[PDB]
Amino acid sequence: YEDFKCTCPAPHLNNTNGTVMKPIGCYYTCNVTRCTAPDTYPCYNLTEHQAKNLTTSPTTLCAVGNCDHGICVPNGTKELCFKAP
Amino acid sequence: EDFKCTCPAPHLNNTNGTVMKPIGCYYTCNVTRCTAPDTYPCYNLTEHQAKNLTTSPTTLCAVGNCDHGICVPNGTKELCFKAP
Amino acid sequence: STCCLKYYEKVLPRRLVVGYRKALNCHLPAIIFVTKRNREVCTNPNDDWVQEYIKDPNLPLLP
Amino acid sequence: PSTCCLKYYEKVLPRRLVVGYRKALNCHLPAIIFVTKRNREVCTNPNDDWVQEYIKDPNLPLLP
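Chains as they are written, first to last, in PDB author numbering: chain A, 20 to 104; chain B, 21 to 104; chain D, 15 to 77; chain C, 14 to 77.
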């Protein structure tokens with residue numbers, strides 16, 4: 020069944036807003052197949068500094084955006100991100 | 021409720037061997053008003069051309085793509101007509 | 015002279031379908047199943063249930 | 014719980030294939046995640062009736 024190609028969960032980050040969880044990008048991997056987030060789906064757009072130095076504590080200010088053609092287009096709003104344990 | 025927007029919609033024909041394209045981006049299933057998928061190809065007609073549309077290839081239709089339910093013309097043109 | 019804009023992704027119980035049509039000169043080529051209540055249901059022609067349904071000789075193509 | 018779903022599995026999953034489920038509701042697409050025999054996580058819409066009848070089953074447990 021090729022219907023399971025992109026029906027797998029994807030890693031998401033937590034926040035401190037009380038808002039929905041948002042991924043690091045618009046692309047996610049299931050098995051070996053590359054999947055893309057739905058268009059306008061909310062996401063974080065981070066720099067490489069914030070990505071390699073991201074921790075489990077609310078310490079990073081992330082640019083929030085929406086998915087367009089697989090790209091996280093920032094919308095100007097910001098949030099505190101951390102990886103869930 | 022899984023049948024909300026899975027019904028076929030009326031589409032127009034051409035003479036250049038391309039896919040069939042509907043009038044606008046909106047179609048109705050039973051009582052539900054449905055919208056075409058994004059980028060879906062369509063015709064953008066004037067009110068004049070809509071009333072003067074016939075079963076004969078006589079009207080030059082503007083071709084476009086669906087964005088938020090709107091047929092945004094892309095600049096290309098075709099002859100459209102209603103099938104008998 | 016009709017085209018489909020959204021696919022029915024679930025499996026349609028055979029007891030509901032009485033026939034089928036083909037709409038392939040469309041941006042979304044589809045096999046259109048006709049149900050007992052005269053409902054036309056758009057399906058993907060590459061799905062296996064759609065293909066196994068069309069192979070049924072008691073499930074006819076309708077002009 | 015740190016995962017969210019981006020596409021729903023719209024077909025019906027045979028019960029004999031599923032071993033458990035998880036919930037991912039603080040997401041833009043709230044989903045019930047069924048775990049299958051081969052450890053596959055399958056995203057489903059929580060409002061679907063088949064998904065809900067599966068969760069009501071006491072022999073189909075929520076997985077930590």
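For each residue, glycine too, the CB sits at the ideal point set by N, CA and C.
| said: Could you tell me the alpha carbon to alpha carbon distance between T59/B and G44/B, rounded to whole angstroms? | reply: The residue labelled residue 59/B in the question sits at position 39 within the second sequence. The residue labelled residue 44/B in the question sits at position 24 within the second sequence. Separation of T59/B and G44/B (C-alpha to C-alpha, rounded to the nearest whole angstrom) is 12 Å.
| said: Would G84/A and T55/A be called neighbours here (beta carbons separated by less than 7 Å)? | reply: The sequence position of residue 84/A within the first sequence is 65, counting from 1. The sequence position of residue 55/A within the first sequence is 36, counting from 1. No, Cβ-Cβ distance for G84/A and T55/A is not below 7 Å.
| task | Below 7 Å between beta carbons is the criterion; list the residues of the segment 17-34 of chain C that meet it against any residue of chain D, in chain order. | result | Residues passing the 7 Å Cβ filter: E23, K24, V25.
| said: Between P61/A and chain C, is any beta-carbon pair separated by less than 7 Å? | reply: For this step, residue 61/A is matched to residue 42 along the first sequence. Chain C, which has a Cβ nearer than 7 Å to the Cβ of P61/A, makes this yes.
| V51/A touches chain C at which residues, Cβ-Cβ below 7 Å? | Sequence index remark: in the first sequence, residue 51/A carries index 32 (1-based). Here the premise fails: no neighbours, minimum Cβ distance about 13 Å.
| Considering only residues of the same chain and omitting the five flanking positions on each side of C27/B, which have a CB-CB separation below 6 Å? | Taking the first residue of the second sequence as position 1, residue 27/B is located at position 7. Cβ neighbours of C27/B beyond the five flanking positions: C49.
| Between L73/A and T79/A, is the Cβ-Cβ spacing less than 7 Å? | If you number the first sequence from 1, residue 73/A lands on position 54. If you number the first sequence from 1, residue 79/A lands on position 60. Closer than 7 Å, so yes.
| field | Residue range of the alpha helix (DSSP H) that includes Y67/D | value | Within the third sequence, residue 67/D is the residue found at index 53, counting from 1. Here the alpha helix (DSSP H) through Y67/D covers 62-69.
| field | Strand pairing of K20/D, partner residues [DSSP] | value | Locating residue 20/D in the third sequence gives position 6, counting from the first residue. The partner list for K20/D (beta bridge, DSSP) is empty, contrary to what the question assumes.
| Residue range of the beta strand (DSSP E) that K36/C falls in? | Counting from 1 along the fourth sequence, the entry for residue 36/C is found at position 23. Counting along the chain, the beta strand (DSSP E) containing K36/C begins and ends at 31-37.
| task | Rounded to whole angstroms, what's the CA-CA distance from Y21/C to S76/B? Just pull it up for me. | result | On the fourth sequence, position 8 is the one that residue 21/C refers to. On the second sequence, position 56 is the one that residue 76/B refers to. Taking the straight line joining both Cα atoms gives about 44 Å.
| For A29/A, which residues does DSSP report across the bridge? | The residue given as residue 29/A occupies position 10 in the first sequence. Checking the DSSP bridge columns, you'll see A29/A partnered with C17/C.
| request: Provide the residue(s) that pair with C91/A in DSSP beta bridges, ordered along the chain. | output: Position 72 of the first sequence, counted from the start, is the residue given in the question as residue 91/A. Partner(s): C86/A.
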